[PDB]
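Undergrad: Let me begin by handing over the structure; questions about it come next.
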Protein chains: 2
Amino acid sequence: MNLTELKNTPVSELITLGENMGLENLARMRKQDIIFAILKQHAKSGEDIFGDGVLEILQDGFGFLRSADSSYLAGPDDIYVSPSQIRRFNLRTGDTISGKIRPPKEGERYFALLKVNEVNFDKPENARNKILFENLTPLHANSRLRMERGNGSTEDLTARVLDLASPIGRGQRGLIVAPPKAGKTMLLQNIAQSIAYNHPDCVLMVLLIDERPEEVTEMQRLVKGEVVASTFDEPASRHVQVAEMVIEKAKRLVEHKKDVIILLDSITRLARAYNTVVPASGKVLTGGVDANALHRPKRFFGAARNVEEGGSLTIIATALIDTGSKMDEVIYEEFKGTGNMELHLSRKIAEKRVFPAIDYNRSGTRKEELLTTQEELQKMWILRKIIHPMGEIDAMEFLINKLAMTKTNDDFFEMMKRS
Amino acid sequence: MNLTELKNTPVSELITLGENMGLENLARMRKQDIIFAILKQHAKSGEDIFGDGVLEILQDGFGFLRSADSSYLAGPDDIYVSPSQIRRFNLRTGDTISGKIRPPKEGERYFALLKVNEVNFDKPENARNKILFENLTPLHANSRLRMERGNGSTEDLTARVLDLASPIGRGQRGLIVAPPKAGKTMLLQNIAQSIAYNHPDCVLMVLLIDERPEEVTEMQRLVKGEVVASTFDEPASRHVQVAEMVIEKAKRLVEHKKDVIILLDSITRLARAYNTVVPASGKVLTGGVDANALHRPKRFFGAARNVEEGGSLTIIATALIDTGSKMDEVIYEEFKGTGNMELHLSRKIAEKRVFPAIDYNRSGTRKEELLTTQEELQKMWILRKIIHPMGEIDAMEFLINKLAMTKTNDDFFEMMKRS
RNA sequence: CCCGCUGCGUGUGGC
Ligand SMILES: Nc1ncnc2c1ncn2[C@@H]1O[C@H](COP(=O)(O)OP(=O)(O)O)[C@@H](O)[C@H]1O
Ligand SMILES: Nc1ncnc2c1ncn2[C@@H]1O[C@H](COP(=O)(O)OP(=O)(O)O)[C@@H](O)[C@H]1O
Ligand SMILES: Nc1ncnc2c1ncn2[C@@H]1O[C@H](COP(=O)(O)OP(=O)(O)O)[C@@H](O)[C@H]1O
Ligand code: BEF
Ligand code: BEF
Ligand SMILES: [Mg+2]
Ligand SMILES: [Mg+2]
């Protein structure tokens, strides 16, 4: 029992609940009004009411608990938190809070809360002395996020090729670059499925920025976890603040020694939104990029790291290259200077239609020896040496038609060694 | 005992110290409060507290001894030095001062220095009669900094190739120019190891401006010297302040006839920070560079020189090219006009996964006859004549698989002359 | 030969 359940419950159920116990209503107004009336009558009955939300701090000192359904923006229902509670519990923006709430008093249009009992999914006083995110000691990615599933399915081929080309570890700063219609979004979907299957302990938060609504619905339907989105019909500031809220929530989760994974549908459009919202400095680089536009995107992308104290933040963002515009090229080569994993998809392999359309020679990760073991690293070395002389197309066809009949990558390696 | 000595000890040790013979405390507050309390009680005994720092002189006349843990920035404990002491000892910004401090009394908000005992690791009676940095007569580099080792290991190979392409001397202005992912940071790490092993007498300082925090941790746990860092999380103003503090410290050390070596993880990011901080003048160069933006980067880079009076300052920095934005192109081609040593790494050799990915033909140093012997220069000329016709990837493969079987460069030259 | 001390425009986006 909490505010969220009543928010997501069907209108018929809540109208019946108000009808039998409570004053009758014919439901001539909005559902939120009926929810407010039900909350009022339940508070009058004397029963405590629960509430949940992700905290966002305002410049005055008070904060609002935004809801995930509204994609963490302001809305009609936003629990108010006083600066006194924030100071007492040392809360920061992005800290999810669950606790007892109260209906608004006179002159108040938002619910308030009197007690908290779940701060970032644990007992609240643990927030008294936790090490801050910027105070953690970062490290190179040590643990490996194996995307391989071993079921032998056709979609498992993309995960296997991902494992072979550019290994992904915990705390990786990854980029997936390709021209449009080259297989980016479906690669992200396959990555999300592999994460959900292999690594259920990780907190997967798929963030879509400046993307088509149909893809938003597809992600919400076929992804197990949390999906937040901001379609392309929304302003740039919308995308900007959604991204800030998501990254702050991820940082707060990491502060509690959690493994957090974020999949970004496109970092190029996030950089474009940041450029649009940035004040003009009078200096413009190649393309339309403002000189000071890329600081905040750099911070957002570089929030991903491997923490020695425990937990990690992985970010896998897609990007556009070879689109005929220097904006995308400069964005890619500027985020190439801060990322770790790089995966290239080429339109030539996509037109030839052999999927996944991965450019093996142009894709790799930094410090692969820290993820793969010695024998696996040597096998990867041999495979890359064999693949490199061949072109992209024939190498991809040879690899795909060479590991398809093999269930596991280890068996593929040993069969390469045998033959 | 020093103040920094109490900083470096764990909180448990200092709280036990404060509990066994000092006032009892259960440590409910921050560490700095305990440090202040124990220092005040120790001064109340009638003895003398000690401390140390690096001097930064404010525009009003007084100064503060910043600490390395705060990246030589304003922290919550900075020993105050009166203008009288500065005038007495002719102290300038960046001087490392160690001496007797006193606790803050009423009206005093930070610690204060009353007696000094060491200025730049020397008695304070030598700083009054020294020659300022700007008055030292500059000179071309004469003493060679041998990066070679007798190990024969693979990691030595890179250093060896450096000794063949661009010899490095004391007082050089180095530029490791390459696109992203070419190998600049690993090459800088190898240079740091070579400096630490071959030349332990040189003062090695590593400056990382706007780079990955994991690389900062790797430098800290790998470099045998001093590491000062400012990751991309910080703004450009912090970057420039840290840069000026480091360069002032290096200049003060050079004024005492010391060999100082500075390694810059990226001079391009420093130039970008200076461009963002500089006031607009209405004139913008191609690529988005302000017209008056590169003067201070020029001063920072040209602070490196060989001093005839004794000592030297050697700055080796990494730069960026082929990013797709002409900002980096103009920055590199402008720093090439104020440097001595250029070492180029090509992205395509890196994609071949052949390391080091040095561009031998585009790499060289100015006035190499002053750093090498006659026979060594003759052999280097012969090798360059051999290498020049062949392609860059072929050249690097030939060089690597030719000097892999020789422990030193002399054996490589002997086997090339013989065969 | 006697002297008063010291926004937009342009540029940058731009080939
Ligand atoms: N593994 C795959 N199998 C079949 N088609 C694919 C695959 N990956 C991508 N595609 C094709 O890509 C097109 C859409 O591009 P998508 O993969 O969603 O990334 P993006 O839209 O970002 O380019 C679809 O028409 C789909 O047919
Ligand atoms: N001497 C070397 N030996 C082996 N690998 C190297 C060497 N130098 C660079 N690399 C490779 O380069 C990657 C790191 O590149 P880095 O130097 O960080 O790029 P940048 O020069 O743009 O900072 C690592 O994954 C590493 O495998
Ligand atoms: N006539 C020459 N003989 C030998 N070396 C030369 C000659 N002219 C230039 N160099 C080489 O060029 C380098 C200096 O170039 P410099 O003339 O300073 O460049 P800039 O033209 O930018 O001033 C020296 O290291 C030297 O080896
Ligand atoms: F067409 Be997709 F955006 F590569
Ligand atoms: F990718 Be490197 F930092 F240029
Ligand atoms: Mg897409
Ligand atoms: Mg680097």
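FYI, nothing fancy with the structure tokens labels: chains A, B, ... in order, residues from 1 per chain, ligands from 1 as they appear.
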Could you please select, counting only C-alpha atoms, the residues of chain A within 10 Å of chain B and state them as a compact mmCIF listing (two decimals) with N, CA, C and O atoms, in the first residue's frame?
TA:
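The result, written out as selection.txt:
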# COMPACT_ATOMS: atom_id res chain seq x y z
N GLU A 134 32.20 11.55 -5.64
CA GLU A 134 33.44 12.17 -6.09
C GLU A 134 34.62 11.84 -5.19
O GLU A 134 35.76 12.08 -5.58
N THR A 137 37.64 6.22 -5.00
CA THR A 137 38.85 6.03 -5.80
C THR A 137 38.50 5.22 -7.04
O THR A 137 38.16 4.04 -6.91
N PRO A 138 38.57 5.80 -8.23
CA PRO A 138 38.22 5.05 -9.44
C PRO A 138 39.33 4.09 -9.84
O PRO A 138 40.47 4.19 -9.41
N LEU A 139 38.95 3.14 -10.70
CA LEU A 139 39.87 2.10 -11.14
C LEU A 139 39.53 1.73 -12.57
O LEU A 139 38.49 2.12 -13.11
N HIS A 140 40.43 0.97 -13.19
CA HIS A 140 40.13 0.39 -14.48
C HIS A 140 39.16 -0.78 -14.31
O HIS A 140 39.08 -1.40 -13.24
N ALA A 141 38.42 -1.07 -15.37
CA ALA A 141 37.43 -2.14 -15.31
C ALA A 141 38.11 -3.49 -15.10
O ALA A 141 38.93 -3.91 -15.92
N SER A 281 28.94 31.36 -26.57
CA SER A 281 30.20 31.96 -26.14
C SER A 281 30.89 32.73 -27.24
O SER A 281 31.96 33.31 -27.00
N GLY A 282 30.33 32.76 -28.45
CA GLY A 282 30.95 33.43 -29.57
C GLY A 282 31.99 32.62 -30.31
O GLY A 282 32.51 33.09 -31.32
N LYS A 283 32.30 31.41 -29.84
CA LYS A 283 33.26 30.54 -30.49
C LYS A 283 32.55 29.26 -30.92
O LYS A 283 31.87 28.63 -30.11
N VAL A 284 32.72 28.89 -32.18
CA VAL A 284 32.09 27.70 -32.74
C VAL A 284 33.16 26.85 -33.39
O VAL A 284 33.92 27.34 -34.23
N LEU A 285 33.23 25.58 -33.00
CA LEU A 285 34.23 24.66 -33.55
C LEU A 285 33.77 24.18 -34.92
O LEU A 285 32.81 24.70 -35.50
N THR A 286 34.46 23.18 -35.46
CA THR A 286 34.00 22.57 -36.70
C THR A 286 32.63 21.93 -36.48
O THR A 286 32.39 21.27 -35.47
N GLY A 287 31.74 22.13 -37.44
CA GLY A 287 30.35 21.85 -37.21
C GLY A 287 29.70 22.99 -36.44
O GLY A 287 30.20 24.12 -36.41
N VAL A 289 29.12 22.95 -33.10
CA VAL A 289 29.36 22.80 -31.66
C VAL A 289 29.88 24.09 -31.06
O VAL A 289 30.84 24.69 -31.57
N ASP A 290 29.26 24.53 -29.98
CA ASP A 290 29.82 25.62 -29.19
C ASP A 290 31.08 25.14 -28.48
O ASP A 290 31.25 23.95 -28.20
N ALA A 291 31.99 26.08 -28.20
CA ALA A 291 33.24 25.72 -27.56
C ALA A 291 33.02 25.15 -26.17
O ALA A 291 33.66 24.17 -25.78
N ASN A 292 32.10 25.74 -25.41
CA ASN A 292 31.83 25.32 -24.04
C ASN A 292 30.66 24.35 -23.94
O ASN A 292 30.18 24.09 -22.83
N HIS A 295 31.30 20.39 -22.09
CA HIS A 295 31.77 20.13 -20.74
C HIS A 295 30.79 19.24 -19.98
O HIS A 295 31.17 18.23 -19.39
N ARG A 296 29.51 19.61 -19.98
CA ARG A 296 28.47 18.87 -19.27
C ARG A 296 28.25 17.48 -19.85
O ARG A 296 28.10 16.52 -19.09
N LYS A 298 30.56 15.78 -21.27
CA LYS A 298 31.76 15.08 -20.81
C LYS A 298 31.60 14.60 -19.38
O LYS A 298 31.95 13.46 -19.07
N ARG A 299 31.06 15.44 -18.50
CA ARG A 299 30.84 15.02 -17.13
C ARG A 299 29.83 13.88 -17.04
O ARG A 299 30.04 12.92 -16.30
N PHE A 300 28.74 13.97 -17.81
CA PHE A 300 27.73 12.92 -17.80
C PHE A 300 28.32 11.59 -18.26
O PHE A 300 28.07 10.55 -17.64
N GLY A 302 31.56 10.72 -18.33
CA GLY A 302 32.62 10.33 -17.43
C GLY A 302 32.18 10.01 -16.03
O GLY A 302 33.01 9.64 -15.19
N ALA A 303 30.89 10.15 -15.73
CA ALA A 303 30.37 9.64 -14.47
C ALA A 303 30.54 8.13 -14.34
O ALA A 303 30.48 7.62 -13.22
N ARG A 305 32.47 4.76 -14.00
CA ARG A 305 33.78 4.38 -13.51
C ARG A 305 33.66 3.09 -12.71
O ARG A 305 32.57 2.67 -12.33
N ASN A 306 34.81 2.47 -12.46
CA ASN A 306 34.91 1.32 -11.57
C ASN A 306 35.45 1.80 -10.24
O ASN A 306 36.52 2.42 -10.19
N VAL A 307 34.73 1.52 -9.16
CA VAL A 307 35.05 2.02 -7.84
C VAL A 307 35.78 0.94 -7.06
O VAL A 307 35.34 -0.22 -7.03
N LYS A 326 29.79 17.23 -39.95
CA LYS A 326 30.95 17.30 -39.07
C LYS A 326 30.57 17.33 -37.60
O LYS A 326 31.42 17.04 -36.75
N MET A 327 29.33 17.69 -37.28
CA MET A 327 28.87 17.66 -35.89
C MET A 327 29.06 16.28 -35.28
O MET A 327 29.65 16.14 -34.20
N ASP A 328 28.57 15.25 -35.97
CA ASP A 328 28.68 13.89 -35.45
C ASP A 328 30.13 13.45 -35.36
O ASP A 328 30.52 12.78 -34.40
N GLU A 329 30.95 13.81 -36.35
CA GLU A 329 32.35 13.41 -36.34
C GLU A 329 33.09 14.02 -35.15
O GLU A 329 33.84 13.34 -34.45
N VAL A 330 32.89 15.32 -34.91
CA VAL A 330 33.58 15.96 -33.79
C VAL A 330 33.05 15.44 -32.46
O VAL A 330 33.82 15.24 -31.52
N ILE A 331 31.74 15.18 -32.38
CA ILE A 331 31.18 14.63 -31.14
C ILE A 331 31.79 13.26 -30.86
O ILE A 331 32.19 12.96 -29.72
N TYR A 332 31.88 12.41 -31.89
CA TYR A 332 32.45 11.08 -31.71
C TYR A 332 33.91 11.16 -31.30
O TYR A 332 34.33 10.52 -30.33
N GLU A 333 34.71 11.94 -32.03
CA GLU A 333 36.13 12.01 -31.71
C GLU A 333 36.41 12.75 -30.41
O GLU A 333 37.52 12.63 -29.88
N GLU A 334 35.44 13.50 -29.89
CA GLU A 334 35.59 14.13 -28.59
C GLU A 334 35.18 13.20 -27.46
O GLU A 334 35.78 13.24 -26.37
N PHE A 335 34.17 12.37 -27.68
CA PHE A 335 33.82 11.34 -26.72
C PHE A 335 34.73 10.12 -26.82
O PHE A 335 34.76 9.30 -25.89
N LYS A 336 35.46 9.98 -27.93
CA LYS A 336 36.47 8.93 -28.01
C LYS A 336 37.62 9.21 -27.05
O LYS A 336 38.30 8.27 -26.61
N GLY A 337 37.86 10.47 -26.72
CA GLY A 337 38.91 10.86 -25.80
C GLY A 337 38.57 10.70 -24.34
O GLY A 337 39.43 10.96 -23.49
N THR A 338 37.35 10.28 -24.02
CA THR A 338 36.96 10.03 -22.65
C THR A 338 36.41 8.63 -22.41
O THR A 338 36.35 8.20 -21.25
N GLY A 339 36.03 7.90 -23.46
CA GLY A 339 35.50 6.57 -23.30
C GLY A 339 36.58 5.51 -23.23
O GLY A 339 37.77 5.77 -23.42
N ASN A 340 36.15 4.28 -22.95
CA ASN A 340 37.03 3.13 -22.89
C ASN A 340 36.71 2.10 -23.96
O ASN A 340 37.60 1.70 -24.72
N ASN A 361 37.91 -4.67 -37.19
CA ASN A 361 39.22 -4.03 -37.14
C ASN A 361 39.17 -2.66 -36.47
O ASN A 361 40.17 -2.23 -35.88
N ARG A 362 38.04 -1.97 -36.56
CA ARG A 362 37.90 -0.63 -36.02
C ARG A 362 37.28 -0.61 -34.63
O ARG A 362 37.01 0.48 -34.10
N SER A 363 37.06 -1.77 -34.02
CA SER A 363 36.40 -1.87 -32.73
C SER A 363 37.35 -2.52 -31.73
O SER A 363 38.01 -3.51 -32.05
N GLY A 364 37.40 -1.96 -30.53
CA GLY A 364 38.24 -2.51 -29.48
C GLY A 364 38.04 -1.75 -28.19
O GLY A 364 37.38 -0.71 -28.15
N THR A 365 38.64 -2.28 -27.13
CA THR A 365 38.57 -1.68 -25.81
C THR A 365 39.97 -1.40 -25.27
O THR A 365 40.96 -1.98 -25.72
N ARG A 366 40.04 -0.49 -24.31
CA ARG A 366 41.29 -0.13 -23.68
C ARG A 366 41.56 -1.05 -22.50
O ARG A 366 40.67 -1.29 -21.68
N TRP A 381 43.97 -12.54 -29.34
CA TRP A 381 45.09 -12.02 -30.13
C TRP A 381 45.23 -12.78 -31.44
O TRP A 381 45.38 -12.18 -32.51
N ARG A 384 42.29 -11.91 -33.78
CA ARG A 384 42.42 -10.59 -34.39
C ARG A 384 43.52 -10.57 -35.44
O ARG A 384 43.37 -9.94 -36.49
N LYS A 385 44.63 -11.27 -35.18
CA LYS A 385 45.70 -11.35 -36.18
C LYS A 385 45.21 -12.02 -37.45
O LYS A 385 45.56 -11.61 -38.56
N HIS A 388 42.45 -9.50 -39.23
CA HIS A 388 42.84 -8.16 -39.68
C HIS A 388 43.15 -8.04 -41.17
O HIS A 388 42.68 -7.08 -41.79
N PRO A 389 43.93 -8.93 -41.79
CA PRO A 389 44.24 -8.73 -43.22
C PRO A 389 43.02 -8.68 -44.11
O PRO A 389 43.02 -7.95 -45.11
Undergrad: Output as number ranges by chain all residues of region 270-338 of chain A that backbone DSSP marks as strand (DSSP E or B).
TA: A: 284, 290, 305-307, 312-320
Undergrad: Wanna dump the chain C-chain B contacts at 10 Å for me, each residue with its shortest atom pair and the distance in Å to one decimal, counting only C-alpha atoms (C1' of nucleotides), ordered by chain and number, as JSON lines?
TA:
{"residue": "C:10", "atom": "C1'", "partner": "B:282", "partner_atom": "CA", "distance": 9.0}
{"residue": "C:11", "atom": "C1'", "partner": "B:283", "partner_atom": "CA", "distance": 5.5}
{"residue": "C:12", "atom": "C1'", "partner": "B:288", "partner_atom": "CA", "distance": 5.7}
{"residue": "C:13", "atom": "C1'", "partner": "B:287", "partner_atom": "CA", "distance": 9.1}
{"residue": "C:14", "atom": "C1'", "partner": "B:286", "partner_atom": "CA", "distance": 9.4}
Undergrad: Would you mind listing, for every residue of chain A within 9 Å of ligand 1, the two atoms forming the shortest contact and the distance between them in Å to one decimal, using only C-alpha atoms and all ligand atoms, sorted by chain and ascending residue number, as a Markdown table?
TA:
| residue | atom | partner | partner_atom_place_in_ligand_line | distance |
| --- | --- | --- | --- | --- |
| A:154 | CA | ligand 1 | 1 (N) | 8.4 |
| A:155 | CA | ligand 1 | 1 (N) | 6.7 |
| A:157 | CA | ligand 1 | 1 (N) | 8.7 |
| A:158 | CA | ligand 1 | 1 (N) | 7.0 |
| A:178 | CA | ligand 1 | 23 (O) | 7.5 |
| A:179 | CA | ligand 1 | 23 (O) | 6.8 |
| A:180 | CA | ligand 1 | 23 (O) | 4.1 |
| A:181 | CA | ligand 1 | 23 (O) | 3.2 |
| A:182 | CA | ligand 1 | 23 (O) | 4.7 |
| A:183 | CA | ligand 1 | 17 (O) | 3.1 |
| A:184 | CA | ligand 1 | 19 (O) | 3.8 |
| A:185 | CA | ligand 1 | 19 (O) | 3.8 |
| A:186 | CA | ligand 1 | 17 (O) | 4.3 |
| A:187 | CA | ligand 1 | 8 (N) | 6.4 |
| A:188 | CA | ligand 1 | 19 (O) | 8.4 |
| A:189 | CA | ligand 1 | 18 (O) | 8.9 |
| A:190 | CA | ligand 1 | 1 (N) | 8.6 |
| A:215 | CA | ligand 1 | 18 (O) | 8.0 |
| A:265 | CA | ligand 1 | 22 (O) | 7.8 |
| A:266 | CA | ligand 1 | 22 (O) | 8.2 |
| A:318 | CA | ligand 1 | 22 (O) | 7.9 |
| A:319 | CA | ligand 1 | 22 (O) | 8.7 |
| A:320 | CA | ligand 1 | 22 (O) | 8.5 |
| A:350 | CA | ligand 1 | 10 (N) | 7.9 |
| A:353 | CA | ligand 1 | 5 (N) | 7.8 |
| A:354 | CA | ligand 1 | 3 (N) | 8.2 |
| A:355 | CA | ligand 1 | 1 (N) | 5.1 |
| A:356 | CA | ligand 1 | 1 (N) | 5.4 |
| A:357 | CA | ligand 1 | 8 (N) | 7.8 |
Undergrad: Could you pull the residues within 12 Å of residue 64 (chain B), counting only C-alpha atoms (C1' of nucleotides), minus those fewer than 6 positions along the same chain, as a PyMOL selection string?
TA: chain B and resi 52-58+72-83+85-86+91-97+110-113
Undergrad: Could you write out that same residue set with N, CA and C atoms as a CSV table (one decimal), in the first residue's frame?
TA:
chain,number,residue,atom,x,y,z
B,52,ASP,N,54.2,22.4,6.7
B,52,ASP,CA,54.9,22.6,5.4
B,52,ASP,C,53.8,22.8,4.3
B,53,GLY,N,54.2,23.4,3.2
B,53,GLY,CA,53.3,23.6,2.1
B,53,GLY,C,54.0,24.2,1.0
B,54,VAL,N,53.2,24.6,0.0
B,54,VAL,CA,53.7,25.3,-1.2
B,54,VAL,C,53.0,26.7,-1.2
B,55,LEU,N,53.8,27.8,-1.3
B,55,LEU,CA,53.4,29.1,-1.1
B,55,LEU,C,52.6,29.6,-2.3
B,56,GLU,N,51.4,30.2,-2.1
B,56,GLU,CA,50.7,30.9,-3.1
B,56,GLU,C,50.4,32.3,-2.5
B,57,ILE,N,50.8,33.4,-3.2
B,57,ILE,CA,50.8,34.7,-2.7
B,57,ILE,C,49.5,35.4,-3.3
B,58,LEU,N,48.7,35.9,-2.5
B,58,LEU,CA,47.5,36.6,-2.9
B,58,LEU,C,47.8,38.0,-3.3
B,72,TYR,N,47.0,21.8,-4.6
B,72,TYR,CA,47.6,23.2,-4.4
B,72,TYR,C,46.5,24.2,-4.6
B,73,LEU,N,45.3,24.0,-4.1
B,73,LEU,CA,44.2,24.9,-4.1
B,73,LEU,C,43.8,25.3,-2.7
B,74,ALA,N,42.9,26.2,-2.6
B,74,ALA,CA,42.4,26.7,-1.3
B,74,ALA,C,41.6,25.6,-0.6
B,75,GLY,N,42.2,25.1,0.6
B,75,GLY,CA,41.6,24.1,1.3
B,75,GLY,C,41.1,24.6,2.7
B,76,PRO,N,40.6,23.8,3.5
B,76,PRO,CA,40.1,24.2,4.9
B,76,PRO,C,41.2,24.3,5.9
B,77,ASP,N,42.5,24.0,5.6
B,77,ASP,CA,43.6,24.3,6.5
B,77,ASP,C,44.8,24.7,5.6
B,78,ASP,N,45.1,26.0,5.7
B,78,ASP,CA,46.2,26.6,4.9
B,78,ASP,C,47.0,27.5,5.8
B,79,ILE,N,48.3,27.2,6.0
B,79,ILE,CA,49.1,28.1,6.9
B,79,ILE,C,49.2,29.5,6.3
B,80,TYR,N,48.8,30.5,7.1
B,80,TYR,CA,48.9,31.9,6.6
B,80,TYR,C,50.3,32.4,6.8
B,81,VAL,N,50.9,33.1,5.8
B,81,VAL,CA,52.2,33.7,5.9
B,81,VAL,C,52.0,35.2,5.7
B,82,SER,N,52.5,36.1,6.6
B,82,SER,CA,52.3,37.5,6.5
B,82,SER,C,53.2,38.1,5.4
B,83,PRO,N,52.9,39.2,4.9
B,83,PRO,CA,53.7,39.9,3.9
B,83,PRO,C,55.1,40.2,4.4
B,85,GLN,N,57.0,38.3,6.3
B,85,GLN,CA,57.9,37.2,6.1
B,85,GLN,C,58.3,37.0,4.7
B,86,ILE,N,57.3,37.2,3.8
B,86,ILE,CA,57.5,37.1,2.3
B,86,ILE,C,58.6,38.1,1.9
B,91,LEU,N,60.3,35.5,-0.8
B,91,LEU,CA,59.5,34.4,-1.2
B,91,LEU,C,58.6,34.8,-2.4
B,92,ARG,N,58.4,33.9,-3.3
B,92,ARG,CA,57.5,34.0,-4.5
B,92,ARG,C,56.5,32.9,-4.5
B,93,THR,N,55.6,33.0,-5.4
B,93,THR,CA,54.5,32.0,-5.5
B,93,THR,C,55.2,30.7,-6.0
B,94,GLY,N,54.7,29.6,-5.3
B,94,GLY,CA,55.2,28.3,-5.7
B,94,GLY,C,56.4,27.8,-4.8
B,95,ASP,N,56.9,28.6,-3.9
B,95,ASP,CA,58.0,28.2,-3.0
B,95,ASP,C,57.5,27.2,-2.0
B,96,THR,N,58.2,26.1,-1.9
B,96,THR,CA,57.9,25.1,-0.8
B,96,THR,C,58.5,25.5,0.5
B,97,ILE,N,57.7,25.8,1.5
B,97,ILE,CA,58.2,26.3,2.8
B,97,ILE,C,57.8,25.3,3.8
B,110,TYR,N,42.6,30.6,10.0
B,110,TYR,CA,43.4,29.5,9.6
B,110,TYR,C,44.7,29.6,10.4
B,111,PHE,N,45.5,28.5,10.3
B,111,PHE,CA,46.8,28.5,10.9
B,111,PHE,C,47.8,29.6,10.4
B,112,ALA,N,48.8,29.9,11.2
B,112,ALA,CA,49.8,30.9,10.8
B,112,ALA,C,51.2,30.3,11.0
B,113,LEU,N,52.1,30.9,10.2
B,113,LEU,CA,53.5,30.5,10.2
B,113,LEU,C,54.3,31.6,11.0
Undergrad: Could you give me, as a VMD selection string, the residues within 10 Å of residue 204 (chain A), counting only C-alpha atoms (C1' of nucleotides) and dropping anything in the same chain fewer than 5 positions from it?
TA: chain A and resid 192 195 to 196 199 223 to 227 250 259 to 263 314
Undergrad: Within 12 Å of residue 399 (chain B), counting only C-alpha atoms (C1' of nucleotides), which residues qualify if same-chain residues fewer than 5 places away don't, as a PyMOL selection string?
TA: chain B and resi 157-158+160-162+164-165+354-360+383-384+386-388+390-394+404-406+409+412-413+416
Undergrad: For residue 174 (chain A), please output as a ChimeraX atom specification all residues within 7 Å (counting only C-alpha atoms (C1' of nucleotides); exclusion window: fewer than 2 positions along the same chain).
TA: /A:172,176,315-317,339-342
Undergrad: Just the number, please: distance in Å from CA of residue 87 (chain B) to CA of residue 48 (chain B), one decimal.
TA: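 These two atoms are separated by 23.5 Å.
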Undergrad: Could you go through region 116-320 of chain A and tell me which residues DSSP, when run on the backbone, assigns to helix (DSSP H, G or I), listing them as number ranges by chain?
TA: A: 124-128, 133-135, 156-165, 184-198, 213-222, 236-255, 267-277, 295-302
Undergrad: Between A:166, A:135, A:373, A:312, which residue has the minimum interatomic distance to ligand 2, considering only C-alpha atoms and all ligand atoms?
TA: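 Closest to ligand 2 of all the choices is A:166.
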